[PDB]
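Student: Below: one structure in structure tokens.
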Amino acid sequence: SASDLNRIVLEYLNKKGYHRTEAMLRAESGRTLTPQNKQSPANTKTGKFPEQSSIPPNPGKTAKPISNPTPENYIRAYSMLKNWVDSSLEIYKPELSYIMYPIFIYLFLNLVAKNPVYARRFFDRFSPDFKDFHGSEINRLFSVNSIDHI
Amino acid sequence: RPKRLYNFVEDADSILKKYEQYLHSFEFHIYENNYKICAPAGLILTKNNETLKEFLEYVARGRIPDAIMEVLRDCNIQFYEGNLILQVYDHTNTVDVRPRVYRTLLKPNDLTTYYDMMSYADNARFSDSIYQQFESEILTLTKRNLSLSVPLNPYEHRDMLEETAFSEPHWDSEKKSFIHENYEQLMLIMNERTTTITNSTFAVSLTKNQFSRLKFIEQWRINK
Amino acid sequence: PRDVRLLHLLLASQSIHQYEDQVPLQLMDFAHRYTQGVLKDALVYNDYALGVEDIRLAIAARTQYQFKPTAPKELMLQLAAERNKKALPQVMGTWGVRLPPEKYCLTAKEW
Amino acid sequence: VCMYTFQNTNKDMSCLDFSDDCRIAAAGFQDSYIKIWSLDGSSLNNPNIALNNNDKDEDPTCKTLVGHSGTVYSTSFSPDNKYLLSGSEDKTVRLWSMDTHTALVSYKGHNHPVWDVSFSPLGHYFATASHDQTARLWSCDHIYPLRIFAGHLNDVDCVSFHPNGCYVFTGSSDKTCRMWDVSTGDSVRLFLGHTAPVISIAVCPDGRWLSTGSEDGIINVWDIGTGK
Amino acid sequence: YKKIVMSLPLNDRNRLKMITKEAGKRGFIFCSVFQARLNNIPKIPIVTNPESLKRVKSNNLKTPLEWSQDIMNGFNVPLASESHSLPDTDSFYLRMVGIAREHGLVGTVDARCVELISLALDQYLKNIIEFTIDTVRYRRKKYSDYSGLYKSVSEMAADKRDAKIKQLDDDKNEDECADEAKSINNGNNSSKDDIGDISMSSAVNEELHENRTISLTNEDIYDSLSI
Amino acid sequence: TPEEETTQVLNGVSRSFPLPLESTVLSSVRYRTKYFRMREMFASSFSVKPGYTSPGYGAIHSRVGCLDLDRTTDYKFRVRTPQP
């Protein structure tokens with residue numbers, strides 16, 4: 001009784017408005033398996049986090065499973081390195097304590113040129129940890145808030 | 001392993017853009033103070049009623065009403081991948097040299113498949129599991145375009161993430177806090193129309209105990 | 001009793017091999033009350049106009065308010081379509097659990 | 001496998017769940033409690049340095065939660081792990097704070113008993129299974145539902161999301177399960193082939209394969225593209 | 001097999017009966033799609049039986065061309081959800097004659113059962129409204145032999161829909177009162193059945209800046225918003 | 001022998017399935033009337049294009065039931081369908 005179901009399917013597609021080539025290609029698309037996505041759990045090299053954009057989800061803007069193949073702001077991209085060097089009182093601690101300052105300074109100076117309020121978040125988030133190590137230079141960097149402030 | 005690269009459309013705008021330069025399915029007209037729902041080629045013309053005021057709530061939401069399915073199968077109109085193309089003509093804002101043409105798409109629901117199966121049940125007399133298998137096969141062949149791909153989960157990679165991307169409860173001083181949020185009717189009292197003497201006779205007797213004529217004359221002249 | 005072991009065979013016919021003792025007693029005391037009410041309403045409906053259509057009227061009188069309704073999928077589909085007209089609201093984007101407003105939560109209440 | 005065996009429950013403990021970091025266990029009883037166990041033997045009193053009073057009470061490292069009036073049939077932990085979501089046979093789903101041990105919100109949208117509550121992957125909004133043959137989509141800030149998932153023949157037993165939180169999977173007692181669009185509400189997949197009530201469902205972290213188990217002791221896997 | 005101890009103390013008449021049952025005893029239906037179809041369709045009574053034909057021809061009852069018009073005119077009544085008032089005698093009469101033509105009754109509907117239906121609706125809604133009224137308030141002067149003004153909300157007619165659940169028809173109406181009567185605070189209830197769309201937040205499109213004036217589908221929904 | 005008797009008794013109990021004599025389909029007034037009204041509008045609107053006949057009766061013009069004057073307790077009946 002499955003060949004009769006196949007005939008009922010073909011007549012349903014013919015009456016619901018699928019061309020013969022279109023119905024043949026939708027049948028061939030329905031038969032083949034879903035291929036392999038190599039970024040299957042989204043490995044952390046080529047995978048991204050979901051957007052926190054305050055909208056509800058929508059499964060549109062999306063192609064088929066049958067076909068073969070398959071901004072990132074500065075505060076989290078610095079906090080990754082900050083926690084990675086902060087989880088270690090090992091033999092390699094004070095070299096990371098050395099190199100943690102100019103990456104923060106250059107990220108702040110590259111972020112004041114694009115977004116000022118994210119830069120004001122980023123400066124005061126990681127301010128009071130090396131003030132005693134780097135003097136009044138961060139107090140000198142209070143008055144930078146624009147491109148012309150640089 | 002797939003054999004070819006397929007191009008299937010499951011949106012509204014992309015299906016409409018694919019199916020321009022094609023003959024439409026419906027033909028709806030907005031005249032002044034009255035409407036007409038005809039076929040592309042006795043087609044009725046409606047007053048401002050409440051069936052149309054509920055059909056218009058199914059075209060600002062681009063879906064077919066569940067009631068129409070069987071009669072669409074009766075009326076031999078063209079479907080387009082399960083959808084049908086409503087071509088609206090606003091004659092109030094016409095231009096001179098043709099009215100304002102809109103071309104919208106209406107999309108099937110679960111209700112449209114259920115009513116199509118209920119109207120299949122008239123002359124077929126199938127069981128329930130045949131409808132289950134038929135619905136499963138059609139939901140396979142007509143619902144492509146699935147977003148099945150997983151991103152990173154932010155709750156396991158907490159150490160490589162900003163600290164205030166999450167919202168946990170905090171303890172304040174002695175409590176804790178979550179995150180929230182007349183005259184015209186007098187002058188026409190006896191103005192009730194009577195079609196004929198026989199109908200008046202029957203109306204006064206039972207209380208104590210369209211252009212059909214022209215069509216009849218035309219068909220009787222045809223029969224001779 | 002004959003119907004205790006007939007209920008044993010009925011329960012075993014639907015693959016129910018573990019049960020307690022008073023479960024066929026409860027099934028028999030359900031079936032007694034149901035058949036007595038049905039036959040009393042059918043005696044009323046036969047004094048009105050026994051037969052099988054009389055029993056059909058007496059069991060259609062009480063199908064309408066107690067047991068599982070029949071083919072409720074299209075009414076539920078219509079009702080779902082009335083609820084699934086509204087698009088989804090705007091969600092928080094701070095990756096947690098957001099509560100309702102404080103009057104719609106079980107906290108600002110008193111005894 | 002580390003096995004947690006609960007001893008003095010006289011057949012009146014329904015399905016339980018563990019949190020993530022495995023510090024809290026939640027068990028729903030047939031007499032309308034939620035029992036909360038600290039799996040580390042911790043205090044589970046959340047002093048937070050206040051230390052006011054009340055060492056006179058008996059804390060056996062276990063807290064009880066009394067807000068339901070029916071039997072708790074399911075229970076689900078947030079990925080945040082600070083809130084608990086308990087679904088009962090009284091026709092509510094309640095929310096509990098795991099750091100003050102009280103109820104916060106009652107969620108009333110069902111008229112039959114609730115059988116399977118489950119949070120989202122990202123903790124946004126939870127889906128619910130019940131005896132009325134419909135699944136319901138919710139949100140933790142809204143008292144009443146957001147979507148109704150209707151289309152099954154018998155009642156819905158299990159519920160689960162896709163790991164992106166974008167589809168819903170419901171298995172039901174009429175030997176089938178379905179994949180629902182979370183926005184338009186209508187079913188996208190219907191998976192046929194079982195011979196018993198589907199009782200537990202789970203979708204792989206790849207996302208391309210769905211697995212579920214019935215009451216016939218047979219697990220099976222489909223792929224969501226082909227559906228077979 | 002293994003049920004020799006149990007299937008044997010059944011008596012010989014019972015076992016000789018129960019080695020005979022089968023499937024094919026009935027003439028019923030069980031496909032629920034087909035049951036919903038037959039509950040959905042409108043049906044008109046026809047005649048094939050000759051004795052009933054002479055019985056319906058004697059009592060001057062008409063051919064099915066009048067009963068089909070009576071089906072349509074009983075359906076075309078402005079039923080009481082749309083009018084927001086309890087129905088009147090002509091609406092009752094037309095709906096009941098349409099229902100009686102649906103079931104098969106080709107006779108005439110009496111003029112006193114309409115008033116009986118009226119008093120039935122009276123006492124039904126009075127029971128429901130009274131057992132919603134005495135729950136938001138404790139009337140101290142009533143219910144005794146020696147505060148202000150309250151409006152009953154839909155959440156209250158859901159709350160005493162369940163504390164006293166016996167008072168209902170248990171049909172569609174109670175299902176919708178349980179399922180859809182409670183609204184979340186972004187529900188947009190005071191509306192015109194269409195303004196909860198997403199495009200009514202994003203700007204009315206203007207007109208006729210084109211020789212052929214074919215427009216887009218985002219303008220058609222603004223066109224239908226006005227009506 | 002009790003063995004063939006027991007297996008045929010278990011064969012008898014495995015073949016008996018009950019149906020209900022009266023089942024009331026859960027439906028509505030309003031969805032039924034609105035289904036009828038929309039189907040009447042879109043049935044009066046278009047044409048049929050028959051092979052030999054069209055469905056419907058006087059002022060229905062759709063798929064209409066054929067319940068008899070008698071046998072009102074029957075569970076099924078005929079419907080109208082355009083026959084070529």
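Each chain in the structure tokens gets a letter, A, B and so on, in the order shown; residues start at 1 in every chain, and ligands are counted from 1 in the order they appear.
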Would you mind writing down, as an mmCIF file with C-alpha atoms, in the first residue's frame, each residue of chain C that DSSP on the backbone assigns to alpha helix (DSSP H)?

Tutor:
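Wrote selection_28.cif, looks like this:
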```cif
data_model
loop_
_atom_site.group_PDB
_atom_site.id
_atom_site.type_symbol
_atom_site.label_atom_id
_atom_site.label_comp_id
_atom_site.auth_asym_id
_atom_site.auth_seq_id
_atom_site.Cartn_x
_atom_site.Cartn_y
_atom_site.Cartn_z
ATOM 1 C CA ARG C 2 -16.292 -14.235 36.946
ATOM 2 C CA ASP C 3 -15.696 -10.549 36.196
ATOM 3 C CA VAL C 4 -12.653 -10.270 38.461
ATOM 4 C CA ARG C 5 -10.914 -12.898 36.343
ATOM 5 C CA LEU C 6 -12.504 -11.465 33.189
ATOM 6 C CA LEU C 7 -10.965 -8.130 34.173
ATOM 7 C CA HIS C 8 -7.720 -10.039 34.756
ATOM 8 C CA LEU C 9 -7.917 -11.244 31.147
ATOM 9 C CA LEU C 10 -8.873 -7.743 29.944
ATOM 10 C CA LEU C 11 -5.952 -6.107 31.772
ATOM 11 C CA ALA C 12 -3.620 -8.821 30.469
ATOM 12 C CA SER C 13 -4.974 -8.324 26.935
ATOM 13 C CA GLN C 22 -8.856 -3.448 44.344
ATOM 14 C CA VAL C 23 -8.331 -2.213 40.755
ATOM 15 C CA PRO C 24 -10.801 -4.709 39.166
ATOM 16 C CA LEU C 25 -13.086 -3.952 42.130
ATOM 17 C CA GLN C 26 -12.875 -0.259 41.208
ATOM 18 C CA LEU C 27 -13.495 -1.066 37.540
ATOM 19 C CA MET C 28 -16.574 -3.128 38.459
ATOM 20 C CA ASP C 29 -17.929 -0.423 40.768
ATOM 21 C CA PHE C 30 -17.425 2.092 37.968
ATOM 22 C CA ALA C 31 -19.197 -0.094 35.401
ATOM 23 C CA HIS C 32 -22.133 -0.761 37.744
ATOM 24 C CA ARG C 33 -22.786 2.947 38.346
ATOM 25 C CA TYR C 34 -22.313 3.841 34.677
ATOM 26 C CA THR C 35 -24.678 1.129 33.426
ATOM 27 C CA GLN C 36 -27.263 1.930 36.120
ATOM 28 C CA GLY C 37 -27.319 5.630 35.242
ATOM 29 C CA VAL C 38 -27.427 4.860 31.513
ATOM 30 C CA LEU C 39 -30.318 2.413 31.893
ATOM 31 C CA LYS C 40 -32.271 4.781 34.172
ATOM 32 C CA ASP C 41 -31.961 7.640 31.665
ATOM 33 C CA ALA C 42 -32.865 5.191 28.898
ATOM 34 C CA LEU C 43 -35.991 4.111 30.778
ATOM 35 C CA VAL C 44 -36.907 7.809 30.949
ATOM 36 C CA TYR C 45 -36.263 8.226 27.201
ATOM 37 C CA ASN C 46 -38.351 5.119 26.457
ATOM 38 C CA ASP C 47 -41.276 6.303 28.574
ATOM 39 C CA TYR C 48 -40.985 9.568 26.619
ATOM 40 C CA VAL C 52 -30.725 0.274 21.124
ATOM 41 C CA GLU C 53 -31.349 3.840 19.852
ATOM 42 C CA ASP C 54 -32.751 4.592 23.301
ATOM 43 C CA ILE C 55 -29.414 3.470 24.785
ATOM 44 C CA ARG C 56 -27.678 5.632 22.165
ATOM 45 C CA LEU C 57 -29.629 8.697 23.307
ATOM 46 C CA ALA C 58 -28.884 7.900 26.960
ATOM 47 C CA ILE C 59 -25.119 7.544 26.327
ATOM 48 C CA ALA C 60 -25.009 10.594 24.076
ATOM 49 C CA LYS C 73 -7.603 17.980 16.753
ATOM 50 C CA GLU C 74 -9.309 20.420 14.387
ATOM 51 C CA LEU C 75 -10.753 22.573 17.185
ATOM 52 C CA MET C 76 -7.326 22.593 18.837
ATOM 53 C CA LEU C 77 -5.763 23.488 15.474
ATOM 54 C CA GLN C 78 -8.205 26.400 15.081
ATOM 55 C CA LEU C 79 -7.479 27.520 18.651
ATOM 56 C CA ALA C 80 -3.714 27.225 18.103
ATOM 57 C CA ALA C 81 -4.051 29.307 14.936
ATOM 58 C CA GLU C 82 -5.874 31.970 16.959
ATOM 59 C CA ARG C 83 -3.036 31.976 19.489
#
```

Student: Please identify all residues of chain F having at least one atom at most 7 Å from any atom of chain E, considering only C-alpha atoms, and return them as a list in words.

Tutor: residues 3, 6, 7, 8, 9, 12, 13, 15, 16, 17, 25, 26, 27, 28, 32, 33, 58, 59, 64, 65, 66, 67, 68, 69, 72 and 75 of chain F

Student: For chain A against chain C, which residues fall within 12 Å using only C-alpha atoms, given as a list in words?

Tutor: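 So the residues of chain A near chain C are residues 49, 50, 51, 52, 53, 54, 55, 56, 57 and 58 of chain A.
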
Student: My list of candidates is B:33, B:136, B:21, B:147. Which is closest to residue 9 in chain A when distances are computed with only C-alpha atoms?

Tutor: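 For residue 9 in chain A, the nearest of the given residues is B:136.
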
Student: With chain B as the partner and 10 Å as the cut-off, tabulate the residues of chain F that qualify, each row holding the nearest pair of atoms and their distance in Å to one decimal, using only C-alpha atoms, sorted by chain and rising number, as a Markdown table.

Tutor:
```
| residue | atom | partner | partner_atom | distance |
| --- | --- | --- | --- | --- |
| F:31 | CA | B:67 | CA | 9.4 |
| F:32 | CA | B:67 | CA | 9.3 |
| F:34 | CA | B:51 | CA | 7.6 |
| F:35 | CA | B:67 | CA | 4.8 |
| F:36 | CA | B:67 | CA | 7.3 |
| F:37 | CA | B:51 | CA | 6.5 |
| F:38 | CA | B:67 | CA | 6.2 |
| F:39 | CA | B:68 | CA | 5.5 |
| F:40 | CA | B:68 | CA | 9.0 |
| F:41 | CA | B:51 | CA | 7.8 |
| F:42 | CA | B:68 | CA | 6.8 |
| F:43 | CA | B:71 | CA | 6.2 |
| F:44 | CA | B:44 | CA | 6.6 |
| F:45 | CA | B:43 | CA | 4.9 |
| F:46 | CA | B:39 | CA | 6.0 |
| F:47 | CA | B:75 | CA | 5.6 |
| F:48 | CA | B:75 | CA | 4.7 |
| F:49 | CA | B:75 | CA | 6.8 |
| F:50 | CA | B:74 | CA | 8.8 |
| F:54 | CA | B:74 | CA | 8.6 |
| F:55 | CA | B:74 | CA | 8.5 |
| F:61 | CA | B:71 | CA | 9.2 |
| F:62 | CA | B:71 | CA | 6.7 |
| F:63 | CA | B:71 | CA | 8.0 |
| F:77 | CA | B:122 | CA | 9.6 |
| F:78 | CA | B:122 | CA | 8.0 |
| F:79 | CA | B:122 | CA | 6.8 |
| F:80 | CA | B:122 | CA | 8.7 |
| F:81 | CA | B:123 | CA | 8.1 |
| F:82 | CA | B:74 | CA | 7.6 |
```

Student: Skipping near chain neighbours, those fewer than 5 positions away, what residues fall within 6 Å of range 169-181 of chain B using only C-alpha atoms, listed as a VMD selection string?

Tutor: chain C and resid 98 to 101

Student: Suppose we keep N, CA and C atoms; can you now write the selection as a compact mmCIF listing (two decimals), in the first residue's frame?

Tutor:
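Result file is part_16.txt:
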```txt
# COMPACT_ATOMS: atom_id res chain seq x y z
N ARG C 98 14.50 36.17 33.21
CA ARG C 98 13.84 37.41 33.59
C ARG C 98 12.47 37.10 34.19
N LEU C 99 12.15 37.76 35.29
CA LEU C 99 10.89 37.53 35.98
C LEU C 99 9.81 38.44 35.41
N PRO C 100 8.54 38.19 35.76
CA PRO C 100 7.48 39.16 35.46
C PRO C 100 7.59 40.39 36.34
N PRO C 101 6.78 41.43 36.10
CA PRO C 101 6.68 42.53 37.07
C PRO C 101 6.24 42.07 38.45
```

Student: Nearest to chain F among C:103, C:109, C:85, C:68, with distances taken over only C-alpha atoms: which residue is it?

Tutor: C:68

Student: What residues in chain D have any atom no more than 8 Å from chain C when counting only C-alpha atoms, and can you write them as JSON, numbers by chain?

Tutor: {"D": [80, 103, 104, 105, 106, 122, 123, 124, 140, 141, 142, 143, 146, 147, 148, 149, 150, 151, 152, 153, 183, 184, 185]}

Student: Please identify every residue of chain B that has at least one atom no more than 12 Å from any atom of chain C, counting only C-alpha atoms, and report them as a ChimeraX atom specification.

Tutor: /B:57-58,60-67,108-118,128,153-155,158,161-169,177-181

Student: Store the residues picked out above in a file with C-alpha atoms, as an mmCIF file, in the first residue's frame.

Tutor:
```
data_model
loop_
_atom_site.group_PDB
_atom_site.id
_atom_site.type_symbol
_atom_site.label_atom_id
_atom_site.label_comp_id
_atom_site.auth_asym_id
_atom_site.auth_seq_id
_atom_site.Cartn_x
_atom_site.Cartn_y
_atom_site.Cartn_z
ATOM 1 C CA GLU B 57 -7.679 39.680 8.389
ATOM 2 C CA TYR B 58 -6.256 36.711 6.437
ATOM 3 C CA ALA B 60 -2.706 41.261 6.169
ATOM 4 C CA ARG B 61 -1.521 37.948 7.630
ATOM 5 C CA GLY B 62 -0.459 36.155 4.476
ATOM 6 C CA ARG B 63 -2.163 32.803 5.006
ATOM 7 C CA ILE B 64 -5.020 31.001 3.277
ATOM 8 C CA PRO B 65 -8.243 30.715 5.313
ATOM 9 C CA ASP B 66 -8.906 27.118 6.342
ATOM 10 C CA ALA B 67 -12.466 27.119 4.957
ATOM 11 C CA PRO B 108 -0.572 27.163 3.968
ATOM 12 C CA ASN B 109 -1.103 26.304 7.622
ATOM 13 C CA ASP B 110 -1.567 23.085 9.522
ATOM 14 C CA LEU B 111 -5.296 23.876 9.301
ATOM 15 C CA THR B 112 -5.136 23.918 5.498
ATOM 16 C CA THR B 113 -3.529 20.465 5.425
ATOM 17 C CA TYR B 114 -6.084 19.147 7.926
ATOM 18 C CA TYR B 115 -9.009 20.550 5.935
ATOM 19 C CA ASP B 116 -7.499 19.173 2.719
ATOM 20 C CA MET B 117 -7.345 15.755 4.401
ATOM 21 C CA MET B 118 -10.901 16.089 5.754
ATOM 22 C CA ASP B 128 -6.014 7.452 10.204
ATOM 23 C CA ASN B 153 26.849 27.499 24.263
ATOM 24 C CA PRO B 154 27.730 30.537 26.420
ATOM 25 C CA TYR B 155 27.276 28.711 29.733
ATOM 26 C CA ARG B 158 32.142 31.210 30.885
ATOM 27 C CA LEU B 161 33.424 35.755 27.915
ATOM 28 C CA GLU B 162 32.586 39.125 29.409
ATOM 29 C CA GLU B 163 31.444 38.983 33.018
ATOM 30 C CA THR B 164 28.217 40.977 32.710
ATOM 31 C CA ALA B 165 26.785 39.079 29.750
ATOM 32 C CA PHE B 166 24.888 37.021 32.322
ATOM 33 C CA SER B 167 22.192 37.979 34.836
ATOM 34 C CA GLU B 168 22.295 36.105 38.146
ATOM 35 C CA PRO B 169 20.620 37.134 41.418
ATOM 36 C CA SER B 177 16.874 41.093 44.073
ATOM 37 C CA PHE B 178 16.123 39.407 40.751
ATOM 38 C CA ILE B 179 15.535 41.035 37.356
ATOM 39 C CA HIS B 180 11.920 41.741 36.402
ATOM 40 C CA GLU B 181 9.678 42.791 33.472
#
```

Student: With only C-alpha atoms considered, list every residue of chain A at most 8 Å from chain B, as a PyMOL selection string.

Tutor: chain A and resi 5+9+15-18+25-27+29-30+32-35+40-44+47-50+59-60+62-68+75-77+79-81+83-84

Student: What gap, in Å, lies between CA of residue 117 in chain D and CA of residue 202 in chain D?

Tutor: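 Taking CA of residue 117 in chain D and CA of residue 202 in chain D, their separation equals 14.0 Å.
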
Student: Which polymer residues have any atom within 6 Å of an atom of residue 29 in chain B, counting only C-alpha atoms, with same-chain residues fewer than 3 positions away left out, as a PyMOL selection string?

Tutor: chain B and resi 35-36+88-89

Student: Please dump the current selection as a PDB file, in the first residue's frame; keep C-alpha atoms.

Tutor:
```pdb
ATOM      1  CA  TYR B  35     -15.710  44.588  -3.804  1.00  0.00           C
ATOM      2  CA  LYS B  36     -15.523  41.694  -6.256  1.00  0.00           C
ATOM      3  CA  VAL B  88      -5.505  43.005  -5.697  1.00  0.00           C
ATOM      4  CA  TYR B  89      -6.758  45.895  -7.851  1.00  0.00           C
TER       5      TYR B  89
END
```

Student: Quote the spacing between CA of residue 15 in chain B and CA of residue 28 in chain B in Å to one decimal place.

Tutor: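 For CA of residue 15 in chain B relative to CA of residue 28 in chain B, the distance reads 19.9 Å.
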
Student: Please tabulate, as a tab-separated table, the residues of chain D that come within 8 Å of chain A, each with its closest pair of atoms and the distance in Å to one decimal, counting only C-alpha atoms and ordering rows by chain, then residue number upward.

Tutor:
```
residue	atom	partner	partner_atom	distance
D:165	CA	A:57	CA	7.8
D:166	CA	A:57	CA	6.1
D:181	CA	A:59	CA	7.3
D:182	CA	A:58	CA	7.5
D:183	CA	A:58	CA	6.2
D:205	CA	A:41	CA	5.8
D:206	CA	A:40	CA	4.7
D:207	CA	A:40	CA	7.6
D:208	CA	A:34	CA	6.9
D:223	CA	A:34	CA	6.9
D:224	CA	A:34	CA	7.6
D:225	CA	A:34	CA	5.4
D:226	CA	A:30	CA	5.5
```

Student: I need the residues from that last selection saved to file as a CSV table (one decimal), in the first residue's frame (with N, CA, C and O atoms), if you can.

Tutor:
```csv
chain,number,residue,atom,x,y,z
D,165,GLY,N,17.8,26.4,20.3
D,165,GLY,CA,16.6,27.0,20.9
D,165,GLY,C,15.6,27.5,19.8
D,165,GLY,O,15.0,28.6,20.0
D,166,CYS,N,15.5,26.8,18.7
D,166,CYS,CA,14.8,27.4,17.5
D,166,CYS,C,13.7,26.5,17.0
D,166,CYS,O,12.8,26.9,16.3
D,181,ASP,N,8.1,24.5,14.4
D,181,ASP,CA,8.7,25.8,14.3
D,181,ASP,C,8.3,26.7,15.6
D,181,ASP,O,7.1,26.7,15.9
D,182,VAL,N,9.2,27.3,16.2
D,182,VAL,CA,9.0,28.0,17.4
D,182,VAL,C,8.3,29.4,17.2
D,182,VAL,O,7.7,29.9,18.1
D,183,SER,N,8.3,29.9,16.0
D,183,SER,CA,7.7,31.2,15.7
D,183,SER,C,6.3,31.1,15.0
D,183,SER,O,5.4,31.8,15.5
D,205,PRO,N,24.1,17.0,19.8
D,205,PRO,CA,24.8,18.3,19.7
D,205,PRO,C,25.2,18.7,18.3
D,205,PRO,O,25.4,19.9,18.0
D,206,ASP,N,25.3,17.7,17.4
D,206,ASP,CA,25.4,18.0,15.9
D,206,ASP,C,24.2,18.7,15.5
D,206,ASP,O,24.2,19.7,14.8
D,207,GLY,N,23.0,18.1,15.8
D,207,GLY,CA,21.7,18.7,15.5
D,207,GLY,C,21.1,18.0,14.3
D,207,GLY,O,19.9,18.3,14.0
D,208,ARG,N,21.8,17.2,13.5
D,208,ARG,CA,21.3,16.6,12.3
D,208,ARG,C,20.5,15.3,12.6
D,208,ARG,O,19.8,14.8,11.7
D,223,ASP,N,17.1,11.2,10.9
D,223,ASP,CA,17.7,12.4,10.5
D,223,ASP,C,16.7,13.4,10.1
D,223,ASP,O,15.7,13.1,9.5
D,224,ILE,N,16.9,14.7,10.6
D,224,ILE,CA,15.8,15.7,10.5
D,224,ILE,C,15.6,16.2,9.1
D,224,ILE,O,14.6,16.7,8.7
D,225,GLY,N,16.6,16.0,8.2
D,225,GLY,CA,16.5,16.4,6.8
D,225,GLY,C,15.5,15.5,6.0
D,225,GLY,O,14.5,15.9,5.4
D,226,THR,N,15.9,14.2,6.0
D,226,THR,CA,15.1,13.2,5.3
D,226,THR,C,13.8,12.9,6.0
D,226,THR,O,12.7,12.7,5.4
```

Student: What is the distance, in Å and to one decimal place, between CA of residue 223 in chain E and CA of residue 83 in chain E?

Tutor: 26.1 Å

Student: Which parts of range 2-97 of chain B does DSSP call strand (DSSP E or B) when run on the backbone here, written out as a ChimeraX atom specification?

Tutor: /B:27-30,35-38,45-46,63,80,83-90

Student: Output N, CA and C atoms of each residue in that selection to a file, as a short mmCIF file (atom, residue, chain, number, x, y, z; two decimals), in the first residue's frame.

Tutor:
```cif
data_model
loop_
_atom_site.label_atom_id
_atom_site.label_comp_id
_atom_site.auth_asym_id
_atom_site.auth_seq_id
_atom_site.Cartn_x
_atom_site.Cartn_y
_atom_site.Cartn_z
N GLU B 27 -8.30 36.95 -8.38
CA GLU B 27 -8.39 38.29 -8.95
C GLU B 27 -9.36 39.06 -8.06
N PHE B 28 -8.81 39.88 -7.17
CA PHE B 28 -9.60 40.67 -6.23
C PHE B 28 -9.61 42.12 -6.68
N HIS B 29 -10.75 42.79 -6.49
CA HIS B 29 -10.93 44.16 -6.94
C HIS B 29 -11.46 45.01 -5.81
N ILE B 30 -10.85 46.17 -5.61
CA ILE B 30 -11.34 47.19 -4.70
C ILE B 30 -11.96 48.28 -5.56
N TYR B 35 -16.85 45.40 -3.41
CA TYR B 35 -15.71 44.59 -3.80
C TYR B 35 -16.18 43.46 -4.71
N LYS B 36 -15.22 42.78 -5.34
CA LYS B 36 -15.52 41.69 -6.26
C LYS B 36 -14.38 40.70 -6.25
N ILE B 37 -14.70 39.42 -6.04
CA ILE B 37 -13.71 38.35 -6.01
C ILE B 37 -13.91 37.44 -7.22
N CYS B 38 -13.16 37.67 -8.29
CA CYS B 38 -13.34 36.92 -9.51
C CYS B 38 -12.12 36.05 -9.80
N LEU B 45 -20.31 40.08 -6.39
CA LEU B 45 -19.89 41.42 -5.99
C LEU B 45 -20.53 41.72 -4.65
N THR B 46 -19.71 41.99 -3.64
CA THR B 46 -20.20 42.04 -2.27
C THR B 46 -20.32 43.47 -1.75
N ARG B 63 -1.84 34.21 4.90
CA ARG B 63 -2.16 32.80 5.01
C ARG B 63 -3.54 32.55 4.42
N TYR B 80 0.49 27.41 -6.62
CA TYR B 80 1.91 27.64 -6.87
C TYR B 80 2.70 27.20 -5.64
N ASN B 83 1.06 27.55 -2.35
CA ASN B 83 0.57 28.91 -2.19
C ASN B 83 -0.26 29.32 -3.40
N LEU B 84 -1.08 30.35 -3.21
CA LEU B 84 -1.84 30.95 -4.29
C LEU B 84 -1.65 32.46 -4.24
N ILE B 85 -1.65 33.07 -5.42
CA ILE B 85 -1.23 34.46 -5.59
C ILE B 85 -2.48 35.33 -5.71
N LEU B 86 -2.70 36.17 -4.71
CA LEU B 86 -3.80 37.13 -4.71
C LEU B 86 -3.35 38.41 -5.40
N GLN B 87 -4.02 38.76 -6.50
CA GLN B 87 -3.75 39.99 -7.23
C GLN B 87 -4.86 40.98 -6.91
N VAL B 88 -4.53 42.01 -6.15
CA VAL B 88 -5.50 43.00 -5.70
C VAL B 88 -5.47 44.20 -6.64
N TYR B 89 -6.64 44.70 -7.01
CA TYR B 89 -6.76 45.89 -7.85
C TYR B 89 -7.47 46.97 -7.04
N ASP B 90 -6.75 48.03 -6.68
CA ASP B 90 -7.34 49.20 -6.04
C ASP B 90 -7.72 50.18 -7.14
#
```

Student: Which residues come within 7 Å of residue 64 in chain D, counting only C-alpha atoms, excluding same-chain residues fewer than 5 positions away, as a PyMOL selection string?

Tutor: chain D and resi 33-36
